[PDB]
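Take a look at the structure below.
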There are 10 protein chains.
Amino acid sequence: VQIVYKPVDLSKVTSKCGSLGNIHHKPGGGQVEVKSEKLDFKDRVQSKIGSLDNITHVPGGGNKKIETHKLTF
Amino acid sequence: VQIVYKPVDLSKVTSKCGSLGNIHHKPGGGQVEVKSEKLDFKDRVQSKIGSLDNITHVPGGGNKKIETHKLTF
Amino acid sequence: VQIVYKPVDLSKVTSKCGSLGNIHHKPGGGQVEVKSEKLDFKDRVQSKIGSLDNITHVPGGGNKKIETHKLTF
Amino acid sequence: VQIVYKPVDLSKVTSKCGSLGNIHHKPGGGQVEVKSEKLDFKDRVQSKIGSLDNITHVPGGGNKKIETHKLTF
Amino acid sequence: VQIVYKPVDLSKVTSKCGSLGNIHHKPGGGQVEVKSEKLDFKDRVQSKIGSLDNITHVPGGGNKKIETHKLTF
Amino acid sequence: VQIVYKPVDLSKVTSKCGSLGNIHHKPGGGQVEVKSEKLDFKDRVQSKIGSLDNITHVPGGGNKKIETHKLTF
Amino acid sequence: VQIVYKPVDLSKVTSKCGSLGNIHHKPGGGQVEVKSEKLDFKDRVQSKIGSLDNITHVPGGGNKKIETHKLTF
Amino acid sequence: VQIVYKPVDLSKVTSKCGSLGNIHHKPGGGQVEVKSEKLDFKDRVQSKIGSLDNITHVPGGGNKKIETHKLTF
Amino acid sequence: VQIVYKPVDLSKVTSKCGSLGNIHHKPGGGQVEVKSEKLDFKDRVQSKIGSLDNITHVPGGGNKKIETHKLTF
Amino acid sequence: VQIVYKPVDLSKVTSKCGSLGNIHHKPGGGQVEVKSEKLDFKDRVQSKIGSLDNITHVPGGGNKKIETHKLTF
């Protein structure tokens with residue numbers, strides 16, 4: 001068996017921006033209550049229990065490229 | 001058996017912007033109550049239990065390219 | 001068996017920005033209460049229990065490239 | 001069996017920015033209460049229990065490249 | 001069996017910035033209370049229990065490159 | 001002229017209570033914005049401009065008696 | 001002219017209470033913004049401009065009696 | 001002219017209480033911003049400009065009696 | 001002219017309390033910003049400009065009696 | 001003219017308390033910023049400009065009596 005894998009990639013993900021400007025993120029805080037008894041978990045688990053988060057994310061370009069290659073014989 | 005895999009890609013994902021400008025994110029906070037007894041979970045699990053989140057996301061281009069290649073013999 | 005793997009990649013992820021500018025992140029704090037009894041967990045687990053986080057993220061370009069290559073014989 | 005692995009990569013992740021500017025992160029503090037009884041955990045576990053964190057992250061470019069190569073015979 | 005692994009990489013992750021500027025991080029302190037009884041953990045565990053942290057991170061470029069190569073015969 | 005003023009008062013304002021009990025006042029905070037230019041005021045003026053107040057008032061009897069007597073000749 | 005003023009008062013304002021009990025006042029903080037230019041005021045003026053106040057008032061009886069007597073000849 | 005002023009007062013303002021109990025006042029802090037240019041005031045003026053106050057007032061009886069007598073000839 | 005002023009007062013303001021108990025005042029701190037240019041004031045003026053105060057007041061009876069007598073001929 | 005002023009007062013302001021108990025005052029500190037240019041004031045003026053005060057006041061009875069007598073001929 002002969003396998004040739006050559007996925008040539010010539011590419012760009014780009015952006016141009018003059019300015020981003022005035023960004024105002026001003027939340028009132030609220031209130032979060034979470035009640036549970038038993039938390040049992042495993043094997044690739046991501047969790048958030050009870051939160052009040054504020055995220056301001058202002059990159060000067062946040063261009064993203066995700067690529068995967070899988071060859072299984 | 002002979003397999004030739006050559007998916008050539010010449011491409012672009014792009015943007016241009018003069019300015020983003022005045023962005024105002026101003027939430028009142030509310031109230032979140034969550035009640036449970038037993039949380040049992042596993043094997044690739046993502047969860048959020050009880051939240052009050054505020055996200056302001058203003059990238060100067062957030063162009064995205066996702067690509068996957070799978071060859072199974 | 002003969003396998004040739006040569007995924008040539010010529011690429012760019014880029015951005016240009018004049019200025020980012022005035023960014024104001026001013027949250028009121030709220031209140032978070034979390035109650036549980038037993039936390040039992042294992043094997044690749046990420047968790048946040050009870051939080052009030054504030055993140056301001058302003059990179060002068062936060063361009064990202066993620067790439068994976070897997071060859072299983 | 002003959003395997004040749006030569007994933008040549010010619011690439012760039014870049015950014016240019018005139019200035020970042022005036023960034024103001026001014027949170028009110030809130031209040032976080034977390035109650036539990038038994039914490040039992042193991043094998044690649046990351047956790048945050050009870051927090052009030054404030055992060056200001058302003059890199060002059062925070063361009064990121066992540067790449068992995070895996071060959072399993 | 002013959003295996004040749006030569007993933008040649010010619011690349012750059014870069015940034016240019018005129019100035020970063022005026023960055024003001026001024027949080028009010030809040031209050032964090034965490035109550036538990038038994039903490040039992042092992043085998044690659046990272047944890048934070050009860051915190052009020054403030055991080056100001058302003059690198060003059062915080063460009064990052066992460067790369068891994070794994071060959072298993 | 002003869003004026004006799006003798007408004008005799010025999011009275012009670014009273015209360016009895018076993019217990020008041022469990023009182024929970026838990027507001028989410030909201031947001032108040034007030035804009036004006038010129039505030040000009042005088043002669044017995046009470047005012048509140050822009051507020052977010054929370055009052056919990058639980059007296060163990062808050063019985064009130066208000067009485068006024070005015071004789072003008 | 002003869003004026004006789006004898007407003008005899010025999011009275012009580014009272015209360016009895018076994019217990020007041022569990023009182024929980026737990027507000028999330030919000031956000032208040034007030035903008036003005038000129039504040040000009042006089043002659044018995046009470047004012048609050050811009051506030052976020054939290055008052056918990058739990059007297060073990062807060063019985064009140066207010067009485068005024070005015071004789072003008 | 002003959003004026004006789006004898007407002008006899010026999011009275012009580014009272015309270016009895018077994019216990020006051022568990023009082024919890026736990027506010028999240030918010031944020032208050034006040035902007036003005038000129039403050040000009042006089043003649044019996046009380047004011048609060050810009051505040052975030054928290055008052056817990058728990059007297060073991062806060063019974064109050066206010067009385068005024070005015071005779072103007 | 002003959003004026004007789006004899007406002008006899010036989011009275012009590014009282015309270016009894018077994019115990020006051022567990023009082024917890026635990027605020028998160030917030031943030032207060034006040035901006036002005038000229039403060040001009042006089043003649044019986046009380047003011048607070050910019051504050052974040054926390055008062056816990058727990059008297060074992062805070063009974064109050066205020067009385068005024070004014071005779072103007 | 002004959003004026004007789006004899007406002008006889010037989011009275012008490014009192015309290016009894018078994019115990020006051022466990023009082024916990026635990027504030028997070030916040031942040032106060034006050035900006036002005038010219039402060040000009042006179043003639044019976046009380047002021048606080050910019051403060052973060054914490055007062056715990058727990059008298060074993062703080063009963064108060066205020067009385068004034070004014071005779072103007």
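Starting from 1 in every chain, residues are counted up; chains themselves are A, B, ... following the order of the structure tokens, and ligands are numbered from 1 as listed.
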Margin query: Just list as a PyMOL selection string whatever in chain J DSSP marks as strand (DSSP E).
Written below: chain J and resi 2-5+9-19+23-25+31-35+38-42+45-51+54-57+64-72
Please produce an output containing C-alpha atoms for each residue in the selection, written as a short mmCIF file (atom, residue, chain, number, x, y, z; two decimals), in the first residue's frame.
```cif
data_model
loop_
_atom_site.label_atom_id
_atom_site.label_comp_id
_atom_site.auth_asym_id
_atom_site.auth_seq_id
_atom_site.Cartn_x
_atom_site.Cartn_y
_atom_site.Cartn_z
CA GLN J 2 -44.33 88.97 85.14
CA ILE J 3 -42.97 85.71 83.74
CA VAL J 4 -42.72 82.48 85.66
CA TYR J 5 -40.88 79.60 84.04
CA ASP J 9 -39.22 67.32 84.71
CA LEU J 10 -39.34 63.92 86.41
CA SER J 11 -38.16 61.38 83.92
CA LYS J 12 -36.04 58.56 82.87
CA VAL J 13 -34.47 57.15 79.77
CA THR J 14 -33.26 53.69 80.54
CA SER J 15 -32.36 50.29 79.31
CA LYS J 16 -31.52 46.85 80.51
CA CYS J 17 -29.72 44.20 78.56
CA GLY J 18 -28.48 40.73 79.40
CA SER J 19 -25.63 40.66 76.96
CA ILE J 23 -20.46 41.48 66.83
CA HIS J 24 -18.34 41.15 63.75
CA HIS J 25 -17.58 44.08 61.53
CA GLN J 31 -11.43 53.00 46.88
CA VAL J 32 -12.34 56.66 47.07
CA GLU J 33 -11.16 59.39 44.74
CA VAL J 34 -12.13 63.01 45.11
CA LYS J 35 -11.01 65.81 42.88
CA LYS J 38 -10.94 75.44 45.26
CA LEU J 39 -12.44 74.95 48.70
CA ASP J 40 -13.73 78.12 50.21
CA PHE J 41 -15.79 77.96 53.33
CA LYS J 42 -16.79 79.65 56.54
CA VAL J 45 -19.08 74.48 58.59
CA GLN J 46 -18.51 70.76 59.05
CA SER J 47 -17.17 68.75 56.19
CA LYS J 48 -15.66 65.50 55.13
CA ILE J 49 -14.01 65.35 51.75
CA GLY J 50 -12.80 61.96 50.69
CA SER J 51 -13.13 59.26 53.23
CA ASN J 54 -15.28 52.21 59.52
CA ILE J 55 -17.04 52.70 62.80
CA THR J 56 -18.09 50.00 65.20
CA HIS J 57 -20.12 51.47 68.04
CA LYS J 64 -29.69 59.85 75.18
CA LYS J 65 -31.55 62.86 76.47
CA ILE J 66 -31.31 66.28 74.81
CA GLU J 67 -33.12 69.25 76.22
CA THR J 68 -33.11 72.94 75.54
CA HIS J 69 -34.76 75.91 77.25
CA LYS J 70 -34.92 79.35 75.75
CA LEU J 71 -36.62 82.39 77.26
CA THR J 72 -36.36 85.59 75.25
#
```
Note to self: With only C-alpha atoms considered, list every residue of chain G at most 6 Å from chain C, as an MDAnalysis selection string.
What the structure shows: chainID G and resid 28:31
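Pairwise distance (CA of residue 61 in chain E, CA of residue 53 in chain D) equals 23.3 Å.
Relative to CA of residue 44 in chain E, CA of residue 43 in chain B is found at 18.9 Å.
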